Amino acid sequence: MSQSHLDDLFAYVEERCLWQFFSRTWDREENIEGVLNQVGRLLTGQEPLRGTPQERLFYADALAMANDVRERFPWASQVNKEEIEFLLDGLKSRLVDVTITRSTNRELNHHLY
Amino acid sequence: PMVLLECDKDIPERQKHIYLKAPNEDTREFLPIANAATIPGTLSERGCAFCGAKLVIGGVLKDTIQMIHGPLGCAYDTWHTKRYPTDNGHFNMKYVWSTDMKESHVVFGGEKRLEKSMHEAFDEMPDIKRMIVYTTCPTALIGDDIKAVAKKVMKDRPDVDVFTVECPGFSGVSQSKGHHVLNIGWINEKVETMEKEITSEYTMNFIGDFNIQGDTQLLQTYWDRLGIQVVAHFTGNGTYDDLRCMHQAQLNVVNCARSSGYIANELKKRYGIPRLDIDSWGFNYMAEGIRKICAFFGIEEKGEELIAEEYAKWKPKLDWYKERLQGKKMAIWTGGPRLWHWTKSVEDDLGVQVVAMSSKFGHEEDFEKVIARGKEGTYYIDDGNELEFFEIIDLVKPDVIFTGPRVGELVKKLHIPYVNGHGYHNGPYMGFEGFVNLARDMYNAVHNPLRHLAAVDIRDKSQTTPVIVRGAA
Amino acid sequence: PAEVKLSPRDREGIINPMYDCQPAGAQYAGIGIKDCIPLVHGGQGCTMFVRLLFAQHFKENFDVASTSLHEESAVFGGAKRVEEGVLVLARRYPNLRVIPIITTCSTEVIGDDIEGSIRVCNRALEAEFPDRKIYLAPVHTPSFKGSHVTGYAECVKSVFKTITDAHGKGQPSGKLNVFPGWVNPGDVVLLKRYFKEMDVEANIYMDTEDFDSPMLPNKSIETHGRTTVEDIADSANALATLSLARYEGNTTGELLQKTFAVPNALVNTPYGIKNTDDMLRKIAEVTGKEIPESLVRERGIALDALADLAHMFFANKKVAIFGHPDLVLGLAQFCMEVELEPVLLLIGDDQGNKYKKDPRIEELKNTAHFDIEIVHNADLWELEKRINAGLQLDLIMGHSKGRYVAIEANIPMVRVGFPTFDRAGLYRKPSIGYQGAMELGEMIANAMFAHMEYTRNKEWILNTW
Ligand code: CLF
Ligand SMILES: [Mg+2]
Ligand SMILES: [Mg+2]
Ligand SMILES: [S]
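So the sequences go chain by chain: C, A and B.
Just so it is clear: in the first sequence, position 50 is 50 by the entry's author numbering, and no numbers are missing.
So the entry's author numbering is basically just the index in the second sequence, starting at one, shifted up by 1.
So the entry's author numbering is basically just the index in the third sequence, starting at one, shifted up by 10.
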């Protein structure tokens, strides 16, 4: 069901990925958006963006997650493009909530690195 | 929930530093305080800011004088204690330098004593033309301006290059502050002060790896196979001048995000070089990392050839250890990052259950990572102390502890074996082969006749002395 | 042209320090006391690096705490960190009795009033724990003078002052006080046996035998100093003090002589045969007890062993020695007894004005038939540089932080003194006394023998010696 699928994706990211745990709020936001937009493209057969260095690295992170999601979760090969997009939008929101909005990590907004 | 241990009844602030992960909790409500002041008198494991700058990062370099501006103890104490080999005869481990600060320098100043020491060091070793100068507690307190001295020395001796770090041991709360001060000064002052030849279409820096027992040299066999030039390693088996070239790289690959994330963040901000975080410990982690690097460069097939060969070579041994280590309980009491690099990798690849973890100096960032990857029923401790370690052992009864040698020698009395989680037993521990090395040491530590022998009281008529049967992969 | 010369290091800086700083030595003094946790007032590295050093030498944990000086205390003073640290120790370690409060470079520079903090803590402790007595000893150990040798001596003296001030003079004990200095558990075991065989009651300060602790069936931790408050308090009541080390405890023997009229006898540190003989003669003199036949026999066994080595393998071989001053001077005498030639003696701190007056220098000047250079305020670069300049050595005797000098120069090396982390079990092997002389001589020969084999230097000769 759509909440079970989203829970599957969120549990995967939390136990596996590092890009949502970068040093500052602005970097977490950039990575959540950049990586998950590429994941959506890869899970729906769209041409990945591989132009700039930053795009190429979001592709690299996203490829690991897209390949793992297809391997772990049969549903991810059954649902349609719009359903994948909806799930990934919900996953962005959840990751911003737990890694930014409700994180008590007191360094996240320090202007200097 | 957060845990008030019995040994902390009179220091109850410690409860906000100890999380026991329980079912259905929102972990955002239970993140340990971290990177806060130490409680005096606790037997905290923490060290000082100077340690983080000189011992951990700067002192790794193979071709650099490590000039410690202070009394001789800070120098003595950071010599014969690390295991970071080089390919030039281990210059970094053979020598340490002090300005030998005396009472007269406290009274009148230490700047001329530093300047004299610096010229002596260059005169005694005329092949060495690079130096890092560090402050220590009393040279900070008297206000010696080591940057100004270094400036004069470089003016007077134009064939040397000197970098300085202000890192007295009372700065910050732990070694972490030393990491930060060094990272930011290096990128501010020394990056893009020279350039090197580019010899590949694919270039990277490897940031946050300090060549413990040859880890960096092992990973370099991967980069050489893949045809990737490493512009600089920060700082394993590195050189001062390679670090001046870091702006040239196309990609920054980070392992130690704690000590070295700062310079990766600044390289991205200033030069546009993307930051890729990996795990260079863990078998299946190493495969993910290689695949990401190769996806970034567009050399995916070369990555898959390397991975296939490494799995053919090492996976059968890894799986032999997994069969025998499955279900064993492990504690990790180290600096911080190895908690989040190891908890799930030993679980996935070796079947090992990490039941307790303590970080000396980790930030809340490090706790986010470890709690995300770690198990329910595990204890997560910020700035743990010795009495807490005993109480935790009684709570979780580990089969093995990955920690430093002194704590290993303490828990031996309780018949608990250790592996050196810092300097390793028989490393390297990074990469595919390295995780097999880690598994071998864990196996030999726990399945050890001496542990069984120690438990037997020969006076007990009722007891015999057993024999155990061991194995090898 | 026969010359024993004292000279200082000619560089202002240090490369490869021989000793640690004063606070490290103060910590070492304190860990030999039962129910003692030293509190090191300063930054955290000043504690943790020394706990590591002890683990390197002994392969054991020892408990030492920090006051965790941080930035606020560096601006406003650190007294509150001392006071908190004392109470946190007392509250969490119910059996704790002794806390040497050891200063560091930071807390000496900023001038924290340690004695004022002790008055605060004494009041607090008396109110919170009415039936407990905790002895707080102020130990002033700025690291910008002296070394861990001086810091050891300062801590012993302060602890003794503190505890004896509290208990004063009582009934005569009939015992000796003995300050062996900074020695291994194996040296302590040997001295206990000597006193037992001579029927002499003695306290050895500090008694570190149990630093070599068992791994027991009941999982008990026994890695403690054995010297108690009571043992230290009873020093006021002794028949006499035997001080074996001029730089490592003699000043406590003098303090007990000034304060309590316990006569102090300083003897040469008992490295080699003559120094051991003279120690036993002084024990006999002060106690009226005869030297036993068992010690004549141990002496004779040692001599018999050394005689198999001296003219065959040792004569005319050139030796460099580094370590604590009492050890360096005593080992130079031992070397001479077995026909070795100690041509270079390195002593690692700023106490040259005292070393110039040491009577053992004169004993060397009046005996050696070869030049001796004694370098004071030395570092270990002073050894490596002299070898690089052409000094020909057959042997180095020193601690493990000199190992790379010997390895790279391809010179055999016997590990002596502190720390000896790069060989196994040396803390258990006596170096003083007759047995110790024999053990040292056989280490030297066995190191030479292995070297002959690895270098193929007449390796066939090890058959019918
Ligand atoms: S926190 Fe140095 S060991 Fe100390 S008493 Fe000073 S000489 Fe000796 Fe860190 S910078 Fe160093 S190690 Fe400590 S002093 Fe500070
Ligand atoms: Mg989860
Ligand atoms: Mg014989
Ligand atoms: S630390």
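Virtual Cβ for every residue (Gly too), placed ideally from N, Cα, C.
Assigned exposure category for residue 476 of chain A - 16 Cβ within 10 Å defines buried: Residue coverage of chain A in this structure runs from 2 to 474, which leaves residue 476 of chain A outside it and unanswerable.
Near ligand 3: B:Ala-447 beta-carbon under 7 angstroms from a heavy atom: no
Proximity to C:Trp-19 [Cα-Cα], best of C:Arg-102, C:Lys-92, C:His-110 and C:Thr-104: C:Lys-92
Distance CB(B:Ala-246)-CB(B:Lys-179) smaller than 8 angstroms: yes
Reference B:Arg-309, options B:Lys-299, B:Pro-280, B:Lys-328 and B:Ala-330, closest by Cα: B:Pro-280
Rounded C-alpha distance that separates A:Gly-273 from A:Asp-160: 31 angstroms
Neighbour list for C:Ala-64 in chain A, Cβ cutoff strictly below 7 angstroms: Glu-289, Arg-292 and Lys-293
For B:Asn-194 and B:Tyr-437, believed in contact at Cβ under 8 angstroms, the rounded distance: 5 angstroms
DSSP three-state assignment for A:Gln-218, whether helix, strand or coil: helix
For A:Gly-432, the first and last residue of its enclosing alpha helix (DSSP H): 432 to 447
Amino acids of chain A, ordered along the chain, whose beta-carbon sits closer than 8 angstroms to that of B:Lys-229: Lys-414, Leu-415 and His-416
A:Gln-16 (DSSP reduced to helix, strand or coil): helix
Neighbouring residues (CB closer than 5 angstroms to any heavy atom of ligand 5): Absence of ligand 5 is noted for the structure shown, with ligand 1, ligand 2, ligand 3 and ligand 4 being the only ligands found.
Short CB-CB distance (under 8 angstroms) between A:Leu-439 and chain C: no
Rounded straight-line distance, which links the Cα of A:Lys-414 to that of B:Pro-224: 8 angstroms
N- and C-terminal bounds of the alpha helix (DSSP H) containing B:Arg-101: 89 to 102
Coil, strand or helix - B:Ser-253 by DSSP: strand
Segments of 4+ residues assigned as alpha helix (DSSP H) that fall wholly inside the stretch 330 to 384 of chain B: 335 to 347, 362 to 365 and 369 to 375
Simplified DSSP state of residue 10 of chain B, which is helix, strand or coil: Any property of residue 10 of chain B remains undetermined from this structure, which presents chain B solely from 11 to 475.
Candidates B:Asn-376, B:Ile-384 and B:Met-462: closest to B:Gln-361 by CA position: B:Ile-384
Chain C residues whose Cβ lies nearer than 8 angstroms to that of A:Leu-277: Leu-57, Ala-60 and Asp-61
Reference B:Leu-319; option with closest CA among B:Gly-400, B:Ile-454, B:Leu-305 and B:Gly-161: B:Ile-454
A:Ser-118 beta carbon less than 8 angstroms from that of B:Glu-22: yes
Beta-carbon proximity of C:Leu-63 to C:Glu-55, cut-off 8 angstroms: no
Cβ-heavy atom distance, A:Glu-30 to ligand 2, below 7 angstroms: no
B:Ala-320 CB to nearest heavy atom of ligand 3 below 7 angstroms: no
Inter-residue Cα distance where the pair is C:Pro-53 and A:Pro-429: 32 angstroms
Any non-hydrogen atom of ligand 4 closer than 7 angstroms to B:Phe-344 Cβ: no
Limits of the unbroken beta strand (DSSP E) element including A:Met-68: 66 to 70
7 angstroms Cβ cut-off: residues of chain B touching A:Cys-52: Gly-55
Same chain only: Cβ atoms within 8 angstroms of B:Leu-186, ignoring 5 sequence neighbours per side: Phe-205, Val-210, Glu-211, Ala-212, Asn-213, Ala-248, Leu-249, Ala-250, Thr-251, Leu-252, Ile-293, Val-296 and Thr-297
Three-state secondary structure assigned by DSSP to residue 483 of chain A: Because chain A here runs from 2 to 474, residue 483 of chain A falls outside it and cannot be looked at.
The alpha helix (DSSP H) enclosing A:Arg-158, as first and last residue numbers: It is not in any alpha helix (DSSP H) - A:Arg-158 carries neither H nor E in the DSSP assignment.
Cβ neighbours of A:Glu-306 in the same chain (closer than 7 angstroms, five flanking residues each side left out): none
Close-in-space but distant-in-sequence residues of the same chain around A:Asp-384 (CB under 7 angstroms, 5 per side omitted): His-18, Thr-39, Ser-45, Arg-47 and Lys-361
Range of the contiguous beta strand (DSSP E) that encloses A:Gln-354: 354 to 360
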